[PDB]
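Note sheet for the following structure.
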Amino acid sequence: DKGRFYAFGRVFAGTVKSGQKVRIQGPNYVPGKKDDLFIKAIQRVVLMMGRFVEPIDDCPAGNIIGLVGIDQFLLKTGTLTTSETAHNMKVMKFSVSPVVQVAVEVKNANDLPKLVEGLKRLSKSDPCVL
Amino acid sequence: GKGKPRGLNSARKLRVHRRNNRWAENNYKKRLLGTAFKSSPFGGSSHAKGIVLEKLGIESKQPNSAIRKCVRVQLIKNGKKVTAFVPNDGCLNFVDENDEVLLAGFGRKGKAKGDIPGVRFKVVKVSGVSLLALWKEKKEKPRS
Amino acid sequence: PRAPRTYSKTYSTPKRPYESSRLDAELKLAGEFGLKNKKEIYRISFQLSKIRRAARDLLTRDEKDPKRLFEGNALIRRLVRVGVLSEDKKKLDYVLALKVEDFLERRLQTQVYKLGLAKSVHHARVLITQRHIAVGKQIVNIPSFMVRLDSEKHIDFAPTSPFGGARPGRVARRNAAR
Amino acid sequence: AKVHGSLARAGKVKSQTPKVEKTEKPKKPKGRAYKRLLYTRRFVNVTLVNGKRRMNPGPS
Amino acid sequence: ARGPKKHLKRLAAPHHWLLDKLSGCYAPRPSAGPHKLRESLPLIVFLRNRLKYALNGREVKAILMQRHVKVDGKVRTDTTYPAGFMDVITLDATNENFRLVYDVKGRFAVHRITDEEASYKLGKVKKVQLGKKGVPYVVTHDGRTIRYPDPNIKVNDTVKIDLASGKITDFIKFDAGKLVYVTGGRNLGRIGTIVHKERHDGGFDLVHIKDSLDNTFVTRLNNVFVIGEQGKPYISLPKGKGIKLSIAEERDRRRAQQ
Amino acid sequence: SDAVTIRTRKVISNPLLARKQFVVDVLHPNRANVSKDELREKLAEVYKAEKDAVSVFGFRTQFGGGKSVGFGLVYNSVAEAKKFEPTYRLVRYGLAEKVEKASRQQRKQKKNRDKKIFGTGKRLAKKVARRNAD
RNA sequence: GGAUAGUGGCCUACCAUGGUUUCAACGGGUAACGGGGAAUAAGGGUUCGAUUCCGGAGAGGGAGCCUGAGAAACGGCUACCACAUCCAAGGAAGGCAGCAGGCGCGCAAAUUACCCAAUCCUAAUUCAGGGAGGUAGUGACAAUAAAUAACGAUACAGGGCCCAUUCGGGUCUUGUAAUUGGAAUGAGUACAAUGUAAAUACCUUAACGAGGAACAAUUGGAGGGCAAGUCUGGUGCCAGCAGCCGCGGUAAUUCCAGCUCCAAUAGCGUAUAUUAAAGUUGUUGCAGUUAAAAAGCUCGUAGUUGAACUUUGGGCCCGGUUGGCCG
C-alpha cells in the first residue's frame with residue numbers, strides 16, 4: 001500500500017504488548033536533554049510471514065518481531081523503549097557511501113508530492129538514496 | 001411620493017426592483033454567482049493543503065522596508081498557482097523545498113493585508129505540525 | 001434515531017464587551033457574593049433579560065385579559081415563592097424593576113452568610129462545595145440553590161458532617177493516630 | 001521590481017537576543033481566590049489615587 | 001412506499017396516548033381492527049403505562065393468552081389490538097370492568113363500570129343499506145354489522161347491542177335536546193345538548209352544541225355521539241362530566257383541594 | 001445496615017398474575033448501602049412470603065447516601081415465580097442457571113453454514129470423504 | 001376502440017386547428033428533495049435547512065421481467081455499458097449511498113466490540129430472530145453544573161472615637177508579610193453495596209489520599225478604537241510587528257527577551273460563510289443640482305393610481321361589563 005510500512009525489528013528485553021505507550025528514541029536522541037523522543041503508542045503487533053498480516057497481542061523478549069504504528073516518525077533506524085534513560089545502540093556502518101549521482105527531473109506536470117513520497121518510500125525500504 | 005410605487009396591489013411591481021437592484025450589493029453577486037466556486041483559487045473553503053515549489057521574497061510598498069519571506073504553494077485540489085506568506089518570523093529555516101504545507105486565509109476575505117502585495121493566503125500547518133508551536137519549542141518537525 | 005434531547009444556553013455575551021465602567025460594576029457584585037467566574041453572573045443576567053422580556057408581553061394586553069391574569073398570577077407566585085419580590089408589592093411592576101441584586105441575594109451562599117455558618121463569603125463557598133451543609137434531610141453540593149424562604153428554616157449542618165458530630169474527620173484521624 | 005530577494009537574514013533577532021530563564025514566583029491562587037485578589041487590589045487596597053485611577057503605574 | 005407500512009416511530013405518535021419519548025424510539029403499533037390507527041389505543045400502553053399492572057412487554061404478552069382480559073365480550077389475545085371508543089374490558093378476577101371513554105381534558109379515561117353496565121354497549125351507526133338478497137344491515141363505528149334493523153333507524157343514530165348475541169336492544173333518535181358526546185377535533189371531551197344544525201349541503205355537516213354552563217361550541221357531525229336525551233343519560237358519565245371550566249379555575253380547584 | 005426500617009409505598013394487589021408490585025424506599029444511616037438479598041429476607045416476613053418469593057430491582061443510591069429508592073415484587077409460589085419472572089433475574093440470586101450458548105457471532109456463523117448446506121448433509125459428508133481421500 | 005383495478009391522448013383510427021405566453025410561457029444552471037425547522041436580532045427582515053419527524057427518489061448508469069395481496073425489488077433475476085475475484089484455461093461467482101472496517105479524495109469526520117437485557121417488528125407465533133435497536137470504546141462537534149483552596153494567632157500601616165495624664169494605650173478594624181498554626185473535602189486510588197445479560201460508568205462509603213520543590217491553568221495584548229508600562233536589555237527601516245491607522249533609518253510607550261498588568265477561563269485564538277451592526281438594500285425605512293445617479297424630448301401598450309354623490313339622524317323599551325351611597 002502507500003506509506004503503511006510495518007517496521008521489522010528484534011526485541012531484546014521486555015514483553016511487547018499491542019496498545020502500549022512507547023517512547024521512540026532515534027539516533028540523535030541523548031538521555032541528557034530534549035531530542036526526537038515521542039511518546040506515541042503502538043497500534044498493534046503483526047507477525048511476519050509470506051505476505052499476510054498475523055495479529056498477535058503480546059510477544060515476549062528475545063525474539064524478532066515487526067510492529068505497526070510506526071514509519072511516520074523514524075527515518076532510517078531507531079529504538080522504541082519505555083525506560084527514562086534507555087541508551088541507543090551503536091550506529092550501523094553502511095557498506096558503501098553514495099558516490100555515483102544523477103539529476104532527476106520530470107517533464108510532466110507538478111507531480112512533486114508524488115516524486116517526494118516515492119523517494120521517501122525508497123529511503124524507508126532499504127539503505128537507499130539519501 | 002418618494003418616487004416609489006405605493007399601490008395596494010403593487011407587490012410584484014415593488015418586487016422586481018428588489019430582485020434586480022439588490023445585485024449592486026457585494027454580498028449578493030459574490031455568493032450566488034459562484035465566484036468563490038469557479039474564480040477563487042480556494043474553492044470556497046476554510047483550509048487547504050499544498051506543495052511548495054520555490055522560495056520567493058517580496059519587498060514592501062509605501063514608506064516601509066521589509067522582505068516578508070513569502071513562499072509559493074501549489075494547492076493539491078485545483079492544481080493552480082498561489083503565492084503564500086508565512087505570518088511568522090524565522091520560520092523560513094524550518095520550511096524547505098518539497099514540503100507539504102496547509103494554508104488558509106488572512107481575515108480580509110480576499111484582498112491583500114498590508115505592505116505585502118499580492119499574497120492572500122497564510123501558512124497554517126507545515127508537514128503535519130504548526131509554526132506557532134514551532135517557535136515555542138513545544139513540538140519538533142519530523143524529518144519526513 | 002431517538003428523540004433529540006433539548007439543550008440550550010443560559011447566558012448571552014453583550015453587544016458591548018469592553019467598557020471600563022461595566023467591568024468595575026460586575027466585579028463588585030461578583031466579589032461581594034463570592035463568584036468564581038463571570039459565567040454565573042452572565043447566566044442570571046440572561047434570566048433577568050428573559051423574565052423582563054417574558055413580563056413585557058403581558059403588559060401588551062388589556063387588564064383582566066384571561067391569558068394575562070393566569071400568566072401574571074403564576075408569574076408573581078413564582079417570584080414571591082423564591083422571594084425576589086416583596087409580599088405587598090405584587091402589582092406586576094417591580095418584576096421589571098427587579099435588579100440583579102434581588103436575584104443574587106437569594107443565592108444559597110448569601111443565606112449561609114446571613115445565618116452566619118461561614119462568617120466569610122469565601123468560607124461559604126468552601127463549606128458548600130464540600131457537602132458540609134444540607135437542607136432538611138437532603139445534602140446539597142451545588143452552591144446555587146435559590147432557597148425560597150420555605151426551606152430556609154432547614155438550612156443546618158448535615159447529620160453526616162465532620163463539624164456536626166459524626167466522624168471526627170479524615171486529616172484529623174491521621175494526626176490523632178500519629 | 002524584484003522577486004528573488006535574499007533569504008539569509010530570517011531568524012536574526014531571535015538568534016541574537018540574550019537568553020534568560022523564567023524567574024520563579026510564588027504560586028498564584030486560581031479561581032474565586034484570584035477574583036478576590038482583584039477585589040482587594042482595586043478598591044479595598046488602592047494605593048495610587050492622585051487624580052485618576054491607574055492600573056500599572058511606572059517608576060516616576 | 002412499496003406498499004403498506006408496518007411500524008410507528010416514537011415521534012409521529014398522536015399525543016392522546018400520552019407516551020414518553022426517551023423509553024425507546026419506537027411505538028407499539030396497533031394492528032388493524034375496529035377503530036383507526038390514529039383513533040385507537042393499544043393495549044400495551046393501556047396495561048403498562050396507563051393502569052400500571054405490568055412493567056414489561058413480555059409480561060403483557062403472557063397475560064392475554066392466559067385468558068384473563070375480555071374485550072367486547074370476546075377474550076382476544078392480540079397485543080396490538082386497537083382498543084377505541086365504547087369498548088368494554090371484562091376481567092374475571094379483580095372484579096373490575098373497564099369502559100374506555102374520552103375524559104374532560106381530551107384523552108382516554110380510566111372509568112370503572114359495573115357488570116350490569118358492562119352487559120351492553122352503545123354504538124354510532126354509520127351507514128344503513130340493503131345488502132345482497134335485500135336484507136338491510138347497519139354498521140357501527142367499530143365496523144360490527146347488525147342485520148334487519150327497524151325502519152325508523154336512519155343515519156347518525158345510536159344503537160344498543162346486546163354484546164352477547166350481537167343483537168340490538170335499544171335505539172336513540174337524533175333530534176333537538178339530545179345529550180351528545182364530541183369524539184374528535186380540538187374541542188373533544190365535552191357533553192352538551194343538540195339544539196339545531198345547518199344542513200350545509202356541500203359536505204362537512206356542522207352542529208352547534210351548548211354546554212350545561214351555557215358554553216356554546218361548534219363541531220362537525222363526524223365527531224358527535226348521542227348518549228341520551230336532555231337530563232337522562234344512557235351511560236355512566238366519567239368524573240367532571242365534561243364541563244370544561246376556564247383555565248384559571250383548575251388552579252382554583254387545585255388550590256382548594258390542597 | 002443499622003435500623004434500616006424498610007417502608008413500603010404505593011402497594012397494590014394484582015390477582016391478574018398473583019403477585020403484588022410496589023415501590024420500596026429504605027434508609028441506611030451511617031452506612032454505604034444495603035445488599036439486595038437482605039431486603040428480600042427482610043421483606044419475606046412482612047408480606048408472609050419466603051426468601052425465594054420476592055424479586056427486587058433498581059435501588060439507585062441517592063446523592064449523599066442514607067436512603068435508597070427501588071421497586072420490588074413478591075411472588076406467591078415458587079412454581080408460579082418461575083413462569084412469570086424472566087430468566088435474567090431468576091439466575092441472579094439462586095432460582096436459575098444460564099448455560100452459555102457459546103457466543104452470539106458463533107451462532108450466526110453456524111446458522112449461515114447450515115443454510116449453505118441443503119438437507120442434513122450426512123450424504124454430503126461421506127461423498128467428500130471418498131472424493132478427497134486422495 | 002384497446003389496456004389498467006379504475007377516469008384520462010395512456011396508446012391507436014378519423015375529424016377540427018387548436019393549447020400556453022411580458023400577470024415572465026419556453027429555455028440555462030442551481031456548491032436546489034421539499035416541508036415540519038435552525039441561526040440572528042424592537043418590529044420588519046436575511047441566510048441555511050442532506051441531517052433525529054412526515055411525505056418523495058436511488059441500491060453503479062439504463063431497459064425488461066419473475067413470484068408475490070403488496071416490487072419494475074437489485075442483501076431477486078436477464079441483455080449492454082465501466083470495473084473486478086478465482087483459477088490445475090472449460091467457466092463460475094459480483095454489486096457496502098445496510099454495520100463495522102479498507103483504499104483514493106478531501107480542511108474535514110470513530111471500534112473490523114458486546115448484548116437482544118431494554119422500545120418494538122416478523123413467523124406456524126410467549127420460547128426464535130432482527131449490526132432494527134440498546135450498551136460499551138474513540139471523541140474539546142456542539143450544550144449544563146463545577147476543581148486548582150478557605151480560616152485563626154504575631155510585625156507593620158491604618159479610621160471613625162475614649163482618655164487630653166507627655167508622639168502613650170489604643171481597646172473594633174482592612175490589607176501587606178524571605179511568620180507560624182490547626183480544621184476541610186475533592187481529583188486520583190476501590191474493601192464493599194447498588195448499576196448493568198454480564199459488565200464499564202454516577203453516587204454512597206473500610207482504608208490511602210496538600211503546608212508548596214508541591215496534587216503547579218492556559219490562550220492574546222499592553223499607541224488609538226481596544227481596560228492593560230513613557231519598566232529593563234538586545235537589533236537598528238535589516239530582522240520585523242500590524243485585521244485598519246500606523247512604529248523600526250543606534251534614546252522602539254507597537255520588533256525580540258525578563259517583571260507587572262489587563263480580558264476570558266478549561267477555555268482561548270486563527271481561517272471561511274451568514275446575521276445585527278446596515279437608515280450600506282430603505283414596504284415599514286435610502287439618495288438622485290454640486291458626494292455615484294432624472295432616460296434629450298414627446299406619444300403610447302401592459303401595469304399602477306383614480307371626482308364628489310346613494311342611511312344621515314330622532315325617539316320608545318329590554319337585558320349584559322366597570323366601579324359607586326348603603327360594608
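Chain identifiers are assigned as A, B, and so on, following the order in which chains appear in the C-alpha cells; residues are numbered from 1 within each chain, and ligands are numbered from 1 in order of appearance.
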(message) Residues of chain C were defined as contacting chain F if any atom lay at most 9 Å from it, counting only C-alpha atoms; please report them as a count of residues only.
(response) 6
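Assigned to alpha helix (DSSP H) in chain B, given DSSP computed from backbone atoms, are residues 11, 12, 13, 14, 15, 16, 17, 18, 19, 20, 26, 27, 28, 29, 131, 132, 133, 134 and 135 of chain B.
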Mind dumping the selected residues with N, CA and C atoms as an mmCIF file, in the first residue's frame?
data_model
loop_
_atom_site.group_PDB
_atom_site.id
_atom_site.type_symbol
_atom_site.label_atom_id
_atom_site.label_comp_id
_atom_site.auth_asym_id
_atom_site.auth_seq_id
_atom_site.Cartn_x
_atom_site.Cartn_y
_atom_site.Cartn_z
ATOM 1 N N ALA B 11 -47.421 44.665 -5.253
ATOM 2 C CA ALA B 11 -46.391 43.866 -4.600
ATOM 3 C C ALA B 11 -45.383 43.306 -5.593
ATOM 4 N N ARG B 12 -45.861 42.754 -6.711
ATOM 5 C CA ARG B 12 -44.954 42.270 -7.747
ATOM 6 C C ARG B 12 -44.152 43.415 -8.350
ATOM 7 N N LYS B 13 -44.800 44.561 -8.575
ATOM 8 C CA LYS B 13 -44.115 45.704 -9.169
ATOM 9 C C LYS B 13 -43.004 46.192 -8.245
ATOM 10 N N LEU B 14 -43.288 46.287 -6.945
ATOM 11 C CA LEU B 14 -42.243 46.642 -5.990
ATOM 12 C C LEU B 14 -41.219 45.525 -5.829
ATOM 13 N N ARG B 15 -41.564 44.303 -6.240
ATOM 14 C CA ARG B 15 -40.655 43.176 -6.065
ATOM 15 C C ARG B 15 -39.560 43.149 -7.127
ATOM 16 N N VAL B 16 -39.834 43.656 -8.329
ATOM 17 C CA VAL B 16 -38.877 43.493 -9.420
ATOM 18 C C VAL B 16 -37.698 44.461 -9.315
ATOM 19 N N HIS B 17 -37.885 45.644 -8.719
ATOM 20 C CA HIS B 17 -36.720 46.431 -8.324
ATOM 21 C C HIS B 17 -35.906 45.687 -7.276
ATOM 22 N N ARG B 18 -36.587 45.092 -6.296
ATOM 23 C CA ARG B 18 -35.894 44.434 -5.193
ATOM 24 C C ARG B 18 -35.082 43.232 -5.654
ATOM 25 N N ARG B 19 -35.480 42.596 -6.756
ATOM 26 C CA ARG B 19 -34.723 41.450 -7.243
ATOM 27 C C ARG B 19 -33.547 41.889 -8.110
ATOM 28 N N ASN B 20 -33.686 43.014 -8.814
ATOM 29 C CA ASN B 20 -32.642 43.444 -9.739
ATOM 30 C C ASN B 20 -31.726 44.511 -9.140
ATOM 31 N N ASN B 26 -22.373 43.843 -2.616
ATOM 32 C CA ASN B 26 -21.243 42.934 -2.769
ATOM 33 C C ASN B 26 -21.596 41.531 -2.293
ATOM 34 N N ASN B 27 -22.372 41.429 -1.212
ATOM 35 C CA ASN B 27 -22.702 40.122 -0.654
ATOM 36 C C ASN B 27 -23.589 39.305 -1.589
ATOM 37 N N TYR B 28 -24.283 39.957 -2.525
ATOM 38 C CA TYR B 28 -25.227 39.237 -3.374
ATOM 39 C C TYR B 28 -24.512 38.500 -4.504
ATOM 40 N N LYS B 29 -23.835 39.237 -5.390
ATOM 41 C CA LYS B 29 -23.265 38.590 -6.569
ATOM 42 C C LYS B 29 -22.002 37.806 -6.237
ATOM 43 N N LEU B 131 3.494 26.097 12.885
ATOM 44 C CA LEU B 131 4.570 27.062 13.079
ATOM 45 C C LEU B 131 4.473 27.784 14.419
ATOM 46 N N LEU B 132 3.265 27.933 14.969
ATOM 47 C CA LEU B 132 3.114 28.620 16.248
ATOM 48 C C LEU B 132 3.785 27.840 17.372
ATOM 49 N N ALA B 133 3.509 26.538 17.456
ATOM 50 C CA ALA B 133 4.196 25.699 18.429
ATOM 51 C C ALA B 133 5.661 25.497 18.073
ATOM 52 N N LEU B 134 6.040 25.751 16.818
ATOM 53 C CA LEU B 134 7.425 25.550 16.409
ATOM 54 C C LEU B 134 8.347 26.598 17.022
ATOM 55 N N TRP B 135 7.898 27.855 17.106
ATOM 56 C CA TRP B 135 8.727 28.871 17.745
ATOM 57 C C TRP B 135 8.832 28.677 19.249
#
Find the residues near residue 191 of chain E: any atom within 6 Å, counting only C-alpha atoms (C1' of nucleotides), skip ones fewer than 3 places away on the same chain, and give them as a JSON list (two decimals) with C-alpha atoms, in the first residue's frame.
[["chain", "number", "residue", "atom", "x", "y", "z"],
["E", 180, "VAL", "CA", -74.22, 14.38, 22.80],
["E", 181, "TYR", "CA", -70.55, 13.46, 23.26],
["E", 242, "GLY", "CA", -67.00, 17.43, 30.62]]
(request) Write down as a ChimeraX atom specification the residues of segment 1-129 of chain F whose backbone DSSP state falls under strand (DSSP E or B). (result) /F:7-14,19-27,54-61,67-75
(request) Could you give me, as a list in words, the residues within 10 Å of segment 77-87 of chain C, counting only C-alpha atoms (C1' of nucleotides) and dropping anything in the same chain fewer than 5 positions from it? (result)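 Everything that qualifies: residues 51, 71, 72, 92, 94, 95, 98, 99, 101, 102, 103, 104, 105, 106, 107, 146, 147, 148, 149 and 150 of chain C.
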Just to be explicit: take each residue in the selection above, keep N, CA, C and O atoms, and write the result as a PDB file, in the first residue's frame.
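The result, stored in again-v6.pdb:
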ATOM      1  N   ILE C  51     -36.870  37.146  32.087  1.00  0.00           N
ATOM      2  CA  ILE C  51     -38.044  37.447  32.902  1.00  0.00           C
ATOM      3  C   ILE C  51     -38.581  38.835  32.571  1.00  0.00           C
ATOM      4  O   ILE C  51     -39.798  39.058  32.560  1.00  0.00           O
ATOM      5  N   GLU C  71     -51.158  33.929  33.522  1.00  0.00           N
ATOM      6  CA  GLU C  71     -49.706  34.019  33.442  1.00  0.00           C
ATOM      7  C   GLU C  71     -49.161  34.983  34.489  1.00  0.00           C
ATOM      8  O   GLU C  71     -48.127  34.713  35.111  1.00  0.00           O
ATOM      9  N   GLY C  72     -49.847  36.109  34.698  1.00  0.00           N
ATOM     10  CA  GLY C  72     -49.397  37.063  35.699  1.00  0.00           C
ATOM     11  C   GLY C  72     -49.493  36.526  37.114  1.00  0.00           C
ATOM     12  O   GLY C  72     -48.568  36.694  37.911  1.00  0.00           O
ATOM     13  N   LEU C  92     -47.221  43.418  39.426  1.00  0.00           N
ATOM     14  CA  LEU C  92     -46.590  43.206  38.119  1.00  0.00           C
ATOM     15  C   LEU C  92     -45.855  44.434  37.588  1.00  0.00           C
ATOM     16  O   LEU C  92     -45.785  44.649  36.373  1.00  0.00           O
ATOM     17  N   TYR C  94     -42.813  45.855  39.816  1.00  0.00           N
ATOM     18  CA  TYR C  94     -41.460  45.715  40.337  1.00  0.00           C
ATOM     19  C   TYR C  94     -40.757  44.466  39.824  1.00  0.00           C
ATOM     20  O   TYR C  94     -39.557  44.309  40.067  1.00  0.00           O
ATOM     21  N   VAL C  95     -41.474  43.577  39.132  1.00  0.00           N
ATOM     22  CA  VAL C  95     -40.819  42.453  38.471  1.00  0.00           C
ATOM     23  C   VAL C  95     -39.891  42.956  37.372  1.00  0.00           C
ATOM     24  O   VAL C  95     -38.765  42.467  37.216  1.00  0.00           O
ATOM     25  N   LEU C  98     -37.166  44.836  39.076  1.00  0.00           N
ATOM     26  CA  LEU C  98     -36.242  43.969  39.796  1.00  0.00           C
ATOM     27  C   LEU C  98     -34.831  44.115  39.240  1.00  0.00           C
ATOM     28  O   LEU C  98     -34.622  44.154  38.025  1.00  0.00           O
ATOM     29  N   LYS C  99     -33.860  44.195  40.143  1.00  0.00           N
ATOM     30  CA  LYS C  99     -32.462  44.391  39.792  1.00  0.00           C
ATOM     31  C   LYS C  99     -31.685  43.094  39.972  1.00  0.00           C
ATOM     32  O   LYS C  99     -32.204  42.088  40.463  1.00  0.00           O
ATOM     33  N   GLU C 101     -29.369  42.575  42.030  1.00  0.00           N
ATOM     34  CA  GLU C 101     -29.115  42.308  43.442  1.00  0.00           C
ATOM     35  C   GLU C 101     -30.162  41.372  44.034  1.00  0.00           C
ATOM     36  O   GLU C 101     -29.828  40.471  44.812  1.00  0.00           O
ATOM     37  N   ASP C 102     -31.435  41.572  43.679  1.00  0.00           N
ATOM     38  CA  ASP C 102     -32.504  40.769  44.268  1.00  0.00           C
ATOM     39  C   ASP C 102     -32.355  39.294  43.916  1.00  0.00           C
ATOM     40  O   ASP C 102     -32.526  38.423  44.777  1.00  0.00           O
ATOM     41  N   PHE C 103     -32.035  38.991  42.657  1.00  0.00           N
ATOM     42  CA  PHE C 103     -31.839  37.598  42.274  1.00  0.00           C
ATOM     43  C   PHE C 103     -30.499  37.062  42.760  1.00  0.00           C
ATOM     44  O   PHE C 103     -30.283  35.846  42.755  1.00  0.00           O
ATOM     45  N   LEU C 104     -29.591  37.945  43.181  1.00  0.00           N
ATOM     46  CA  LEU C 104     -28.281  37.492  43.631  1.00  0.00           C
ATOM     47  C   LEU C 104     -28.243  37.213  45.129  1.00  0.00           C
ATOM     48  O   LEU C 104     -27.477  36.347  45.568  1.00  0.00           O
ATOM     49  N   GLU C 105     -29.047  37.916  45.929  1.00  0.00           N
ATOM     50  CA  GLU C 105     -29.033  37.696  47.370  1.00  0.00           C
ATOM     51  C   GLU C 105     -29.920  36.538  47.806  1.00  0.00           C
ATOM     52  O   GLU C 105     -29.892  36.166  48.984  1.00  0.00           O
ATOM     53  N   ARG C 106     -30.706  35.962  46.894  1.00  0.00           N
ATOM     54  CA  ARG C 106     -31.433  34.735  47.188  1.00  0.00           C
ATOM     55  C   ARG C 106     -30.571  33.492  47.028  1.00  0.00           C
ATOM     56  O   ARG C 106     -31.042  32.387  47.325  1.00  0.00           O
ATOM     57  N   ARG C 107     -29.332  33.645  46.566  1.00  0.00           N
ATOM     58  CA  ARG C 107     -28.441  32.509  46.392  1.00  0.00           C
ATOM     59  C   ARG C 107     -28.123  31.875  47.743  1.00  0.00           C
ATOM     60  O   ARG C 107     -28.031  32.556  48.768  1.00  0.00           O
ATOM     61  N   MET C 146     -30.989  28.807  45.254  1.00  0.00           N
ATOM     62  CA  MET C 146     -32.101  29.758  45.306  1.00  0.00           C
ATOM     63  C   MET C 146     -33.180  29.288  46.287  1.00  0.00           C
ATOM     64  O   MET C 146     -34.309  28.966  45.918  1.00  0.00           O
ATOM     65  N   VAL C 147     -32.779  29.244  47.560  1.00  0.00           N
ATOM     66  CA  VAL C 147     -33.710  28.881  48.621  1.00  0.00           C
ATOM     67  C   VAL C 147     -34.882  29.854  48.630  1.00  0.00           C
ATOM     68  O   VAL C 147     -34.708  31.076  48.520  1.00  0.00           O
ATOM     69  N   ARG C 148     -36.092  29.308  48.748  1.00  0.00           N
ATOM     70  CA  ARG C 148     -37.325  30.048  48.514  1.00  0.00           C
ATOM     71  C   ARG C 148     -38.048  30.414  49.808  1.00  0.00           C
ATOM     72  O   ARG C 148     -39.281  30.439  49.848  1.00  0.00           O
ATOM     73  N   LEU C 149     -37.296  30.663  50.883  1.00  0.00           N
ATOM     74  CA  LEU C 149     -37.836  31.140  52.155  1.00  0.00           C
ATOM     75  C   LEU C 149     -38.792  30.140  52.800  1.00  0.00           C
ATOM     76  O   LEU C 149     -39.331  30.403  53.880  1.00  0.00           O
ATOM     77  N   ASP C 150     -39.011  28.998  52.153  1.00  0.00           N
ATOM     78  CA  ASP C 150     -39.810  27.925  52.730  1.00  0.00           C
ATOM     79  C   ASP C 150     -38.956  26.791  53.270  1.00  0.00           C
ATOM     80  O   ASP C 150     -39.361  26.124  54.227  1.00  0.00           O
TER      81      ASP C 150
END
(message) I'd like the contact shell of segment 10-21 of chain D - 10 Å cut-off, only C-alpha atoms (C1' of nucleotides), skipping same-chain residues fewer than 4 positions apart - returned as a VMD selection string.
(response) (chain B and resid 67 to 69 88 to 93 135) or (chain D and resid 6) or (chain G and resid 233 to 235 238 to 240 255 to 258)
For those residues, write C-alpha atoms (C1' of nucleotides) to a file as a PDB file, in the first residue's frame.
ATOM      1  CA  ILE B  67      11.306  41.444   2.896  1.00  0.00           C
ATOM      2  CA  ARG B  68       8.416  39.266   4.012  1.00  0.00           C
ATOM      3  CA  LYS B  69       9.963  35.848   3.171  1.00  0.00           C
ATOM      4  CA  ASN B  88       5.832  34.177  11.459  1.00  0.00           C
ATOM      5  CA  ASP B  89       9.383  35.460  11.817  1.00  0.00           C
ATOM      6  CA  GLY B  90      12.206  32.975  11.386  1.00  0.00           C
ATOM      7  CA  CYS B  91      10.082  30.141  10.008  1.00  0.00           C
ATOM      8  CA  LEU B  92      11.909  30.115   6.659  1.00  0.00           C
ATOM      9  CA  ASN B  93      14.531  27.835   8.232  1.00  0.00           C
ATOM     10  CA  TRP B 135       8.727  28.871  17.745  1.00  0.00           C
TER      11      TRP B 135
ATOM     12  CA  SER D   6      17.818  37.415  -0.155  1.00  0.00           C
TER      13      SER D   6
ATOM     14  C1'   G G 233      18.207  44.587  27.976  1.00  0.00           C
ATOM     15  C1'   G G 234      19.188  43.286  22.666  1.00  0.00           C
ATOM     16  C1'   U G 235      18.579  44.709  16.803  1.00  0.00           C
ATOM     17  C1'   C G 238      17.739  44.733   8.469  1.00  0.00           C
ATOM     18  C1'   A G 239      15.340  41.345  11.267  1.00  0.00           C
ATOM     19  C1'   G G 240      10.160  42.721  11.793  1.00  0.00           C
ATOM     20  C1'   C G 255      10.139  44.168  16.878  1.00  0.00           C
ATOM     21  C1'   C G 256      12.665  40.244  20.026  1.00  0.00           C
ATOM     22  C1'   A G 257      13.606  38.587  25.738  1.00  0.00           C
ATOM     23  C1'   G G 258      12.617  39.307  31.662  1.00  0.00           C
TER      24        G G 258
END
(message) Only residues of chain C matter here; which ones have an atom within 9 Å of chain G, counting only C-alpha atoms (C1' of nucleotides)? Give them as a ChimeraX atom specification.
(response) /C:1-4,6-10,18-20,23,37-38,122-127,129-132,142,162,169-172
(request) Hey, list the chain E side of the contact with chain G: 10 Å cut-off, only C-alpha atoms (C1' of nucleotides), answer as a PyMOL selection string. (result) chain E and resi 1-4+6-12+22-29+56-63+65
Could you save the residues just selected, with C-alpha atoms, as a CSV table (one decimal), in the first residue's frame?
chain,number,residue,atom,x,y,z
E,1,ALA,CA,-43.7,3.3,-0.4
E,2,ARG,CA,-43.7,-0.2,-1.9
E,3,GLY,CA,-47.0,-1.0,-0.3
E,4,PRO,CA,-48.2,-0.5,3.3
E,6,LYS,CA,-45.9,-1.7,9.5
E,7,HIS,CA,-44.1,0.4,12.1
E,8,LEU,CA,-44.7,3.5,14.2
E,9,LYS,CA,-41.7,5.6,15.3
E,10,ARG,CA,-41.9,7.3,18.7
E,11,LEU,CA,-42.3,10.8,17.4
E,12,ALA,CA,-45.2,10.5,14.9
E,22,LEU,CA,-36.9,8.5,25.9
E,23,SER,CA,-38.1,5.0,26.7
E,24,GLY,CA,-37.3,3.6,23.3
E,25,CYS,CA,-37.6,5.3,20.0
E,26,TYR,CA,-40.4,3.2,18.6
E,27,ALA,CA,-44.1,2.9,19.4
E,28,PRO,CA,-46.3,-0.2,19.9
E,29,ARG,CA,-48.1,-0.1,16.5
E,56,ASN,CA,-42.6,-5.2,30.6
E,57,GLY,CA,-43.9,-6.2,27.2
E,58,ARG,CA,-43.4,-9.9,27.7
E,59,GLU,CA,-45.4,-9.6,30.9
E,60,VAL,CA,-48.4,-8.2,28.9
E,61,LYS,CA,-47.9,-10.9,26.2
E,62,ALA,CA,-48.3,-13.8,28.7
E,63,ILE,CA,-51.4,-12.1,30.3
E,65,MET,CA,-53.3,-15.7,26.1
(request) For segment 71-77 of chain F, work out the shell of residues within 8 Å, counting only C-alpha atoms (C1' of nucleotides) and skipping chain neighbours fewer than 2 positions away, then give it as JSON, numbers by chain. (result) {"F": [18, 19, 20, 21, 22, 23, 24, 47, 49, 53, 54, 55, 56, 57, 58, 59, 69, 79, 80, 81]}
(request) Starting from chain A, keep only residues with some atom at most 9 Å from an atom of chain B, counting only C-alpha atoms, and report them as number ranges by chain. (result) A: 35-36, 72-75, 110, 112-113, 116, 120
Write out as an mmCIF file with N, CA and C atoms, in the first residue's frame the residues lying within 8 Å of residue 110 of chain B, counting only C-alpha atoms (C1' of nucleotides) and excluding same-chain residues fewer than 4 positions away.
data_model
loop_
_atom_site.group_PDB
_atom_site.id
_atom_site.type_symbol
_atom_site.label_atom_id
_atom_site.label_comp_id
_atom_site.auth_asym_id
_atom_site.auth_seq_id
_atom_site.Cartn_x
_atom_site.Cartn_y
_atom_site.Cartn_z
ATOM 1 N N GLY B 105 -6.694 31.611 4.899
ATOM 2 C CA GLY B 105 -6.825 33.000 4.512
ATOM 3 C C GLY B 105 -6.088 33.948 5.444
ATOM 4 N N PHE B 106 -6.374 35.240 5.263
ATOM 5 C CA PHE B 106 -5.761 36.302 6.050
ATOM 6 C C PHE B 106 -6.742 37.067 6.926
ATOM 7 N N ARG B 120 -2.592 36.491 -0.523
ATOM 8 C CA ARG B 120 -3.845 36.480 0.219
ATOM 9 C C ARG B 120 -4.033 35.201 1.027
#
